[PDB]
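J.: part one of the complex, left exactly where it sits:
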Amino acid sequence: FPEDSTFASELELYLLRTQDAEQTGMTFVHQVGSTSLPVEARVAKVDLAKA
């Protein structure tokens, strides 16, 4: 435990957790001369923490 110094009494650590949407998925297979089809919807999440 290397020592450290501060001027204030209480110590608050606020952690911000982040689950970004993972770049997954393969490009859809189609035949030349066709209208394309769209991609799915993905989710990202943010949670926090107090200590």
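T.: That came through fine. Numbers count the residues shown, from 1 in each chain, chains lettered A, B, ... in the order given.
J.: Which residue ranges of chain A form strands?
T.: Using DSSP state E, the strands of chain A run over A:14-19, A:45-50.
J.: how about the residue positioned nearest the centre of chain A, phi and psi?
T.: For chain A, the residue sitting closest to the mean C-alpha position, by C-alpha atoms, centre = their mean, is residue A:20 at 2.1 Å. The phi/psi pair for residue A:20 (degrees, to the nearest 10) reads phi -70, psi 160.
J.: OK, contacts around it?
T.: Shown in contact with residue A:20 (C-beta atoms under 8 Å, 6 or more residues apart in numbering): residue A:44. Every C-beta, even on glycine, is put in place using the N, C-alpha and C of the backbone.
J.: coming back round to it: got CSV for the strands of chain A, with distance to residue A:1 and mean neighbour count too?
T.: Formatted as CSV, these follow (distance: least, C-beta to C-beta, whole Å; neighbours: other C-beta atoms under 10 Å):
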stretch, distance to residue A:1, mean neighbour count
strand A:14-19, 20, 9
strand A:45-50, 22, 9
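J.: add chain B to the structure above, sequence below:
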Amino acid sequence: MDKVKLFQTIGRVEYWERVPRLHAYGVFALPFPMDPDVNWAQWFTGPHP
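T.: With chain B now in place:
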């Protein structure tokens, strides 16, 4: 006959144009897979469109 052979055709190409559609009507197309039991080569013989 034996030493000189006259002119004689070899091959031949009969090339055609495509099947048109309307410009202002707008095409909407999607790709499907074949039914394998049908003789699909029979449908695609003729060069005329």
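J.: Roughly how far does the residue nearest to the centre of chain A sit from residue A:41?
T.: 15 Å (C-beta to C-beta, to the nearest Å).
J.: Could you do residue A:18 as well?
T.: In terms of C-beta to C-beta, residue A:18 sits 19 Å off from residue A:41.
J.: Show me what from chain A comes close to chain B.
T.: Chain A comes close to chain B at residues A:30-31, A:33-35, as judged by C-beta under 8 Å from any C-beta of the partner chain.
J.: Any idea which residue is closest to the centre of chain B?
T.: Nearest to the mean C-alpha position of chain B, by C-alpha atoms, centre = their mean, lies residue B:47 at 3.2 Å.
J.: OK, now which residue of chain B is nearest to chain A?
T.: Using C-beta to the nearest C-beta, the closest approach of chain B to chain A is made by residue B:31 at 3.6 Å.
J.: Cool, thanks, signing off.
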